[PDB]
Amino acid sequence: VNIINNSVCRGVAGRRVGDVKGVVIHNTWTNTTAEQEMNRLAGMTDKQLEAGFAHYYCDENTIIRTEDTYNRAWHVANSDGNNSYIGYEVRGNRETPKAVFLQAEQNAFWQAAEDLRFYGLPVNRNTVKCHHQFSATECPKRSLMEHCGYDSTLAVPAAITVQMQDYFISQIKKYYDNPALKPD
């Protein structure tokens, strides 16, 4: 997997105050490459970045760190979420091929495990969260369809949220506990 560190989000949200609390696994609900996502952010004004961005963008081949993890990111429309949780964007919409989406997901899980291990956090329901636990959204919609069978515009039910967390936790913990394991 190609690793690219390029902080195109320019630190506009400022440094995190306080400890890291966990990670949020997003889906872009687009079918663009991680590099296309990076270029899109690089071409925005700092005002346009106010619409939102994450710390990493991942596709089947690439992990791009678009914001240093010591900075906040405007990724969940919630102040404590934006301050305390690191955001991972997985390439994935309805058109993305299954195997491409699943590889992209694994790349994000591997990077999330690296960061949880670095900050010394456990891998559990406190530290692995979904965007819709912070604010109203269907995200992570493709993960929800693939792993929970939930393809809907209704607000994600609590039992499905827990199931999606547990899936994310199982994948992240596999990398967390096995530091030499690679996502490909």
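Numbering starts at 1 and follows the sequence shown.
Chemist: Can you let me know which of the two, 24-32 or 115-123, has the higher average C-alpha B-factor in the entry?
Modeler: Per the PDB entry, the higher value belongs to 24-32.
Chemist: For the higher mean C-alpha B factor in the entry, choose 151-159 or 57-65.
Modeler: Higher of the two, by average CA B-factor, is 151-159.
Chemist: Select lowest, middle or highest to describe the third in which the CA B-factor of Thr45 falls within its chain in this entry.
Modeler: For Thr45, the deposited C-alpha B-factor lands in the lowest third.
Chemist: Divide the modelled residues of the chain into thirds by Cα B-factor and specify which third, lowest, middle or highest, holds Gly81.
Modeler: Middle third, going by the recorded CA B-factors of the chain.
Chemist: Lowest, middle or highest third: which one holds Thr96 when the chain's residues are ordered by CA B-factor from the entry?
Modeler: Highest third of the chain for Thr96's C-alpha B-factor.
Chemist: Could you look up the Cα B-factor of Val128 in the entry and say which third of the chain it sits in: lowest, middle or highest?
Modeler: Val128: CA B-factor falls in the lowest third of its chain.
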